[PDB]
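Okay, structure first, notes after.
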Amino acid sequence: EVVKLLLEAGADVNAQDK
Amino acid sequence: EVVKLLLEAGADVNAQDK
Amino acid sequence: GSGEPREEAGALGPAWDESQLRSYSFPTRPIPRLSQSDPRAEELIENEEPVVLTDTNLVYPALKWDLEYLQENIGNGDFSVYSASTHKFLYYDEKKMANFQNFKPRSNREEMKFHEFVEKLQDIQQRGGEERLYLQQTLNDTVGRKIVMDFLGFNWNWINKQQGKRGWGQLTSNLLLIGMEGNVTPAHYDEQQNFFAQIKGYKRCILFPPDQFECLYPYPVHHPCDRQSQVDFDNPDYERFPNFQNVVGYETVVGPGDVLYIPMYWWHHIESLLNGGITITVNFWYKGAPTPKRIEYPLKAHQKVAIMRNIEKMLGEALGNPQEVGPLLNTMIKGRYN
Amino acid sequence: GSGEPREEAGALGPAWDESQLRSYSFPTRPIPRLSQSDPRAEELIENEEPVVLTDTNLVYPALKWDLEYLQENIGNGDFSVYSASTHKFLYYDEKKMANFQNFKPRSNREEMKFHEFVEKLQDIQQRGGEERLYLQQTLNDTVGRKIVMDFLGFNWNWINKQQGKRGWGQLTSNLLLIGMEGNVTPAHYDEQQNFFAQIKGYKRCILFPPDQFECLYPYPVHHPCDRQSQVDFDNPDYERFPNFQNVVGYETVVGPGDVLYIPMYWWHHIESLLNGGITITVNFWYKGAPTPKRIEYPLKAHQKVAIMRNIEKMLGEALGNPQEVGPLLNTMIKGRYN
Ligand SMILES: CCC[C@@H](CC(=O)C(=O)O)C(=O)O
Ligand SMILES: CCC[C@@H](CC(=O)C(=O)O)C(=O)O
Ligand SMILES: [Zn+2]
Ligand SMILES: [Zn+2]
């Protein structure tokens with residue numbers, strides 16, 4: 003569980019959220 | 003949840019486990 | 012280098028020349044330029060390595076796009092237009108500026124109609140001003156009829172199969188990018204897969220693999236410039252960033268009709284060629300495949316990057332203040348792991 | 012210093028003198044010595060600060076214990092006896108030695124009967140050997156009848172109320188400690204609350220609060236010497252451990268009938284006085300209270316220590332190898348947070 007928590011990717015890109 | 007995970011204390015002391 | 016400038020058909024001569032490229036401190040080798048039917052191209056994509064595909068027809072209906080066509084047809088929605096007094100358009104997240112009130116951005120975002128962007132561009136060119144603009148806007152429902160038809164005419168058959176074969180998640184957005192000659196997007200990595208579809212003009216793309224994290228010094232995760240390199244490529248500070256002396260890039264120049272696969276977590280520096288006129292690009296951002304069921308050791312570089320990001324996020328949350336992350340990390344390592 | 016040596020009743024003179032204390036590089040101030048009825052004593056315990064209680068009668072029936080009485084009555088169970096050719100009995104976890112195969116312990120554990128410990132002690136004293144022994148054994152069911160009765164006669168009323176008032180968890184064990192004069196237990200912290208009940212001879216206790224983590228340089232969590240200081244107090248390496256120049260201790264000498272509260276996470280260095288004969292101690296280890304329901308910011312030092320330990324544990328697990336923890340931490344901080 004801890005391992006999969008730490009491996010989880012985000013999805014952030016260079017586009018400003020409103 | 004993450005905060006309480008990281009704050010959780012262990013219980014290790016200077017006595018050898020078998 | 013990028014590879015010899017491609018000679019354009021009809022004997023129209025070199026599309027560009029090396030004098031149009033900015034000068035940097037590090038060596039590079041070329042990204043392969045291949046047909047989409049070339050099995051080596053599929054091998055690179057499968058292995059999450061960059062490739063330029065020359066013949067996808069991915070945005071074929073957009074290759075006729077210019078400012079006049081877009082102004083007439085793209086509708087009356089708002090477009091984000093960045094303004095700067097430097098060639099560098101360093102990305103920052105406005106929502107993180109509260110965390111770092113001493114951060115003073117060198118670019119500013121203005122919302123305007125497309126015809127106002129065209130007019131402002133013409134004002135600048137007329138007065139010989141030094142102001143620079145970079146329009147960066149996700150395509151949405153407000154676009155006019157002809158743009159909808161052009162968009163529907165993209166090669167969805169080809170890219171849908173890529174998404175399916177690679178196990179990727181959803182297409183999250185298409186960013187329309189219209190830049191002035193000489194504009195630079197400084198080195199950063201994104202957490203999505205990207206097919207980068209060049210439409211007008213030429214962009215020099217310099218990529219660095221995820222295992223060069225140590226050489227490129229991203230900002231702290233909570234800083235507005237999360238995922239961007241702290242190194243000033245025009246004046247690298249080797250005392251603060253000594254392993255930038257070890258960086259090695261993968262380089263290409265894309266022109267109209269080319270598609271560059273920029274794999275998730277790969278660093279990329281993008282510049283519109285000097286004296287090359289305006290550039291137009293549309294990207295295709297896809298969520299990456301999920302974490303695999305079984306983890307294989309030792310981990311890949313991108314997995315360690317994912318771990319490091321999560322450690323920084325969790326510490327920022329647990330400590331109650333993102334400014335306490337650095338002091339805690341230093342306390343952990345000094346005289347213990349360094 | 013520790014405070015003036017206490018004068019023993021019946022005009023028996025100073026129990027000990029300062030020539031029996033080892034010489035170290037750092038200053039100290041005294042731990043308060045108070046009656047258990049003194050409201051200041053309760054204030055210190057409530058605030059998780061050390062105090063010496065002079066009149067608890069916690070181990071009153073054990074104050075008659077010596078090697079002859081214990082040998083006759085403690086039974087035929089096995090006792091862990093550490094042997095070393097140095098005065099320092101640095102704790103290490105045998106179960107972590109696989110992680111660090113270049114770690115060569117300076118003390119070794121031997122299981123023996125109590126009469127064999129007494130005999131070995133006498134062999135050493137007879138030949139004037141330099142070998143040192145330290146018996147360190149949790150009390151259990153194998154002890155003989157008179158030891159059971161002595162144990163039942165401890166002041167459970169007093170210490171049960173402490174456990175209840177502080178919200179502590181269970182008593183996990185009582186460690187019987189029998190050391191030779193000059194034996195040293197190097198600085199470490201434990202993750203349990205401790206009432207340290209001195210029975211025979213004198214021990215100098217030097218404590219450091221949890222906010223001196225930065226000055227005491229614990230080993231990596233996965234090293235056998237987890238929770239112990241890397242600093243050699245007899246020859247401090249200020250190039251590797253520069254903030255040891257800033258450490259400040261809380262010092263006392265406990266003798267028969269004294270009880271030192273060693274709060275959870277407090278560092279402590281313990282030495283049996285030079286030329287003071289054998290020492291006997293029994294400790295009382297209790298699990299700490301749970302994490303509170305609501306977290307208050309900014310966090311306490313012991314909370315940040317708990318976080319740091321957990322980060323090291325999680326990284327060791329996620330990276331699949333505890334040796335990769337340091338390189339990842341350095342990659343995270345260098346040129347980013349340092
Ligand atoms: C806002 C990104 C602009 C970049 C492209 C890029 O980094 C990407 O598509 O991820 C450019 O100047 O073309
Ligand atoms: C094995 C610990 C021995 C120490 C006591 C100590 O650290 C503790 O009780 O936690 C000593 O030499 O008396
Ligand atoms: Zn990008
Ligand atoms: Zn201890």
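Protein chains in written order, with the deposited numbering: chain B, 3 to 20; chain B', 3 to 20; chain A, 12 to 349; chain A', 12 to 349. A prime marks a further copy of an entry chain. A virtual CB, placed ideally from N, CA and C, is assigned to each residue, including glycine.
Not flagged as an interface residue toward chain B: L326 of chain A, since no C-beta distance is shorter than 9 Å. Non-local C-beta neighbours of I170 of chain A in its own chain, meaning closer than 7 Å and more than five positions away in sequence, comprise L69, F206, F295, ordered along the chain.
Annotation for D201 of chain A' indicates a beta carbon within 8 Å of some heavy atom of ligand 4. Proximity of the segment 165 to 182 of chain A' to the segment 63 to 82 of chain A' meets the contact definition, three or more beta-carbon pairs being nearer than 8 Å. For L64 of chain A and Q147 of chain A, the gap between their C-alpha atoms comes out near 23 Å. Closest in alpha carbon position to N110 of chain A, among A:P221, A:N257, A:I189, A:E335, is A:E335. Taking 9 Å as the CB threshold, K345 of chain A' lines the interface with chain A. Ligand 4 approaches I281 of chain A' closely enough that one of its heavy atoms is under 8 Å from the residue's Cβ.
Across the structure, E29 of chain A' and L45 of chain A' are spaced so that their CA atoms are roughly 21 Å apart. The continuous alpha helix (DSSP H) containing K157 of chain A' extends over residues 156 to 163. Residue state for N166 of chain A is assigned as coil, using DSSP reduced to three classes. Listed along chain A', no residue sits closer than 9 Å to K304 of chain A by beta-carbon distance, the nearest being about 16 Å off. Interface criterion not met: the Cβ of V92 of chain A is under 9 Å from no Cβ in chain A'. The residues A300, in chain order, have a CB closer than 7 Å to that of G178 of chain A in the same chain once the five nearest residues on each side in sequence are set aside. By the CB criterion at 9 Å, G88 of chain A' and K131 of chain A' fall outside the cutoff. With respect to the 9 Å criterion, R320 of chain A and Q241 of chain A' are not classified as neighbours on the basis of their beta carbons.
If you draw a straight line from the Cα of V129 of chain A' to the Cα of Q82 of chain A', it is about 8 Å long.
Taken through DSSP and simplified to helix, strand or coil, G175 of chain A comes out as helix. The beta carbon of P38 of chain A lies closer than 8 Å to those of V259, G260 in the same chain, with the five residues before and after it left out. Under the 10 Å beta carbon count, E282 of chain A is surrounded by 16 or more other beta carbons and is classified as buried. Distance from the CA atom of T97 of chain A' to the CA atom of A11 of chain B', rounded to whole angstroms, is 33 Å. At a threshold of 8 Å, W179 of chain A does not count as near ligand 1, since its beta carbon sits no closer than that to any of the ligand's heavy atoms.
For the C-beta of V4 of chain B', the chain A residues within less than 7 Å are, from N- to C-terminus, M325, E328, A329. Under the Cβ criterion of 9 Å, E105 of chain A is counted among the residues facing chain B. For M160 of chain A and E192 of chain A, the gap between their C-alpha atoms comes out near 29 Å. Distances taken from the Cβ of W296 of chain A to the heavy atoms of ligand 1 include one shorter than 8 Å. Each residue's CA atom was taken as its position, placing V92 of chain A and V316 of chain A' some 46 Å apart.
For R117 of chain A', there is no enclosing alpha helix (DSSP H), since its DSSP letter is neither H nor E.
A direct Cα-Cα distance of roughly 24 Å separates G14 of chain A' from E57 of chain A'.
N119 of chain A is classed as exposed because its beta carbon has fewer than 16 other beta carbons within 10 Å across all chains shown. Just measuring C-alpha positions, the residue of A:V195, A:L187, A:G268 sitting nearest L101 of chain A is A:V195. In the structure shown, the three-state DSSP call for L146 of chain A is strand.
Membership of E127 of chain A in any beta strand (DSSP E) is not indicated; the residue belongs instead to the alpha helix (DSSP H) covering 125 to 138. Counting of Cβ neighbours within 10 angstroms places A329 of chain A among the buried residues, the total reaching 16 or more. Excluding its 5 nearest sequence neighbours in each direction, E19 of chain A' has C-beta neighbours in its own chain below 6 Å: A26, listed in chain order.
Annotation: the continuous beta strand (DSSP E) that includes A208 of chain A extends over 204 to 211.
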